[PDB]
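In case you want the letters, here they are:
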Amino acid sequence: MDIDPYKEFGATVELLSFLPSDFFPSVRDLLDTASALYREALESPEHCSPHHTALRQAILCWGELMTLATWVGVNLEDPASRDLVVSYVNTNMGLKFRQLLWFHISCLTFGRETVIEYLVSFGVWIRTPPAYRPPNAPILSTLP
Amino acid sequence: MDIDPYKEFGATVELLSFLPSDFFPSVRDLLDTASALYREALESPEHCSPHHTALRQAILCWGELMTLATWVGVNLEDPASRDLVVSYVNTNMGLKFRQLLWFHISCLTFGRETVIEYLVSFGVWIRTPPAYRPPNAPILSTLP
Amino acid sequence: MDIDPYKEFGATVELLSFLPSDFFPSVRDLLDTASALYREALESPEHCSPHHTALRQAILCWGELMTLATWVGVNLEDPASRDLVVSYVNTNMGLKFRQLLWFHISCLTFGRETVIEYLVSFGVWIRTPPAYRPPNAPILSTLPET
Amino acid sequence: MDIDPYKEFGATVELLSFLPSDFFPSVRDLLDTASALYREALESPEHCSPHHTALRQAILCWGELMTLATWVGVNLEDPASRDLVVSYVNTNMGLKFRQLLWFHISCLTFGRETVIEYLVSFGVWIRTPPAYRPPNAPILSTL
Amino acid sequence: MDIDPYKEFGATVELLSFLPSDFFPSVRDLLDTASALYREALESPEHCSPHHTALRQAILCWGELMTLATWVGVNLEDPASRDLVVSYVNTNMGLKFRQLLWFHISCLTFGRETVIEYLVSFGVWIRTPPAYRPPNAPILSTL
Amino acid sequence: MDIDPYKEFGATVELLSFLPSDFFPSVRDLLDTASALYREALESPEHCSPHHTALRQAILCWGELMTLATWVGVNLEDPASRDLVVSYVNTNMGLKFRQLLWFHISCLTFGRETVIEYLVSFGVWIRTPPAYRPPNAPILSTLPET
């Protein structure tokens, strides 16, 4: 099996792997934004859009990892391996979760084509020397 | 946040929690069946159906848990906590994964309404005393 | 005040008395069925039918007895008395509770006319000696004609 | 299963919490009024309103509860246990029966909206300080 | 900036000066009635009337005031100061809250013109000499 | 009782929480702005819009706290207690007062949709690391299309 999580939405792992790994925001901010903007539609009994299904699945899965961390924070005596597993869970899967949440939340708000164009724009802007690029980096916005 | 993984497809956690916990098949059989029957459509660049997106997400997530188990099978010295975490990962999340995979694979093949009717049928059939129920339990099939 | 639970629904008590005592499912199975199949409709602020209203009163009449069962545990300092009370409440009233729930849920799930026909047919089967009786009793299901 | 006894009739336990428990009449009076005003209807072969179904089921539950006292009277071998259970049954489980009977008799006699408005108005009377509260409490009438 | 709390609803502080301060009910009753009659509407995602906006803002201000007592309880190091401020907050600033809550609940229940007429009529009753004043004060009803 | 000030106006608290604490003007500047721009409309006997009614309650809720500030001065004979009370009242409640006034006055002066769009856009700018962030933050203004 080879399931690419971005192949049905028109992107790839390489494209999202184009931008540096520190450009994505924290998990808490993403969850706050999602709850603030789309909770109603995320909890309805409707196939609102293909993005809603993916977001629901991802949040449901993250809940189980959180419960696992809480359980292993009690059931396990040794604090050495406990800390190691906690850090692993909060870093390795956290990066992927951050990328997926960022992509889906941005595509719901600004539209998928705009996000796919912005990826290419920022990737090129960040690699050309500074003296020959515009001083202001691109940013997603709605007001003119 | 309250995301029910079955609310957009017309079911609930209670309904799927109606049938006993031992009725679902193993993970390996489900993966074999999925690979045999729908790999082509699962790997295309198309929003084939809302079920394909959920299956892709679930398989992608299960891959990370498998990689985590492999990593902790080496990086961790103590075999006591290692075994505990391995068993936890292979049981607690395994049950949920089995339920979700069974539901989606059955709904792709036989249709969602048929699976929702079969749930109710089997749940009632299993609770009435034996002397007053038909000796043959219901089963999903295609041939007459 | 002579009141019969099944008279406004087209049935009677003598019709329902033919069924054997071991025919009915246990209370926990009936509660699980009712929950899983009608939680949303049983909590709505809307009238749905006489069956829903009839069930919404029996469920609460049983819950208060369930609380009474626990109450006597920490007030009555006599194992014999508490055991007798608990067993009486859990058998004598439990049988009627099961019988009522089964009838209402079967009217909900299969239609009322089908339930009445099934009862009429089961009576005949149960009233004949086993020697001349077919080994298998009737089963409840629906028919295309309605 | 989180079921409200009045959710389907346009009220809730919150609204009925306005009235004190010393306001409802005894069981005997409530049963007498029902037997004098609606016996034939309650013994009919069909349903007339959701109120009739509710009253029928409540009266059946109360009768099944009353048989329990008679049983314990002759099957229990201890006086303290033969009295504690009877007192509990006749005092703690009679309050809810009184409230339900009052609500369902009043809704059949005067009308549902009238009962809702009567509760809303009694709340205002009971909330007022004594120095300004009238001496006559609101009452239900159908003249 | 010379703003009247009731200038936009057809009344003034002059009219509300007819009623004595011993006539209004306690805070608990007023909050209970609101929670029992208008909770869902007050938690809605849109405005229904100017009364809902006023009630929302007043309840928020009251809650922010209530947190102050809890804070002073654990951050003040003196008993006299830990009591004087609490007494002030709970006695001097509760009167206005009671008046506003009474006005806004009564206008939603019975209607604005009814409240204005009720105030005008209560003035006449309170102004009369005792030797001729009736024993029953006017009351608001919706039967 | 869960009540949110900005829910009937199309916004939320999490949306407004992104703005930094030093973004808002001081209380005296907001009061001067409100006076100079809407004294007549805020004293009229007519309903004008939900914004005017919302402001007319907050102004009085703040004035009584302002009076309370003075009252404790001539009753509490303890510099520490009075200073703690005054500072708490003038900071903790002052921040919320400023945040509410700014939002309502900005909805009055620029239109509500513009305010919501500006908040949505400012969040994105503030959520990115400074290294990849343009030096200048967005500014609030109106556009011909409406």
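Our subject is the structure listed above.
Overview of the structure.

As for the overall build of chain D
Summing up its helical and strand segments, chain D has seven helices and zero strands in all. Secondary structure of chain D in N-to-C order comes out as α-α-α-α-α-α-α. Projected onto the principal axes, the alpha-carbon positions of chain D cover approximately 55 × 45 × 35 Å. Looking at chain D residue by residue over its 143 residues, the buried ones come to 47%. Taking contacts inside chain D between residues at least 6 apart in sequence as the whole, the part at least 24 apart equals 66%. When the accessible surface of chain D is summed, it comes to about 7,400 Å², and 55% of that surface belongs to carbon and sulfur atoms. Looking at charge distribution, chain D has the averaged site of its 10 positive side-chain charges lying 5 Å from that of its 16 negative ones.

Overview of the state of the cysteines
A full pass over the atoms with the stated rule returns two disulfides over all chains. Put simply, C61(C) and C61(D) are joined by a disulfide, and their sulfur atoms are 2.0 Å apart. Handedness of the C61(C)-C61(D) disulfide follows from its S-S torsion of about 95 degrees: it is right-handed. Remark: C61(D) occurs in helix α4 (residues 50-75) and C61(C) occurs in helix α3 (residues 50-71); the pair is interchain, linking two chains. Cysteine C48(C) is unpaired, with the sulfur of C107(C) as its nearest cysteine sulfur at 16 Å. Here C107(D) is not disulfide-linked; the sulfur of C48(D) is the nearest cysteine sulfur, at 16 Å.

Comments concerning the relation of the copies chain B and chain A
Turning chain B through 180 degrees and shifting it by 0.0 Å along the axis lays it on chain A, with an RMSD of 0.0 Å. Seen this way, the second copy is the image of the first under a two-fold rotation axis. Looking at the interface residues of chain B, 100% of them are also at the interface in chain A, so both copies use one shared face.

A closer look at the arrangement of the chains
In this assembly six pairs of chains touch, with chains A and B having more contacts than any other pair. If you take every C-alpha in chain A and every C-alpha in chain E, the smallest gap between them is 12 Å, and the two do not touch. In this assembly chain B lies apart from chain F, the nearest approach of their C-alpha atoms being 14 Å.

Quick notes on the environment of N75(F)
Residues and elements named next belong to chain F. Checked against the element boundaries, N75 lands in the loop between α3 (50-71) and α4 (79-110). Once the C-alpha coordinates of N75 and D32 are considered, the two residues, 43 residues apart in sequence, prove to be 31 Å apart. Among the polar contacts made by the side chain of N75, one reaches the main-chain carbonyl oxygen of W71 at a distance of 3.1 Å.

Thoughts on the interface of chain C and chain D
Each partner contributes to the interface: chain C provides 32 residues, whereas chain D provides 38 residues. Approximately 3,700 Å² of surface area, both sides summed, lies buried where chain C meets chain D, with 70% of it carried by carbon and sulfur atoms. When the area that chain C buries against chain D is broken down by residue, the three leading residues are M1(C), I3(C) and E8(C), summing to 20%. Across the chain C-chain D interface, the total number found is four salt bridges. Residue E64(C) is joined to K96(D) by a salt bridge in which the shortest nitrogen-to-oxygen separation is 3.3 Å.

Conventions we followed
- Residues numbered from 1 in each chain as written, not as in the entry; some residues may be left out.
- Chains lettered and ligands numbered in written order.
- Part of a larger assembly, values for the part shown.
- Heavy atoms only, no water.
- Helix = DSSP H or I, 4+ residues; strand = E, 2+ residues; numbered from the N terminus.
- Buried < 20%, exposed > 50% of the residue type's maximum accessible area, 1.4 Å probe, protein only.
- Contact = heavy atoms within 4.5 Å.
- Areas by Shrake-Rupley, 256 points an atom, 1.4 Å probe, with all protein chains shown as cover.
- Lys, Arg positive; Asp, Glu negative; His and termini not counted.
- Charge placed at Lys NZ, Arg CZ, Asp CG, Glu CD.
- Disulfide = S-S within 2.5 Å.
- Least-squares fit on C-alpha atoms.
- Polar contact = N/O pair within 3.5 Å; in protein donor to acceptor, adjacent residues only side chain to side chain.
- Buried area = accessible area lost by both parts, 1.4 Å probe.
- Salt bridge = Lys/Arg side-chain N within 4 Å of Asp/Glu carboxyl O.

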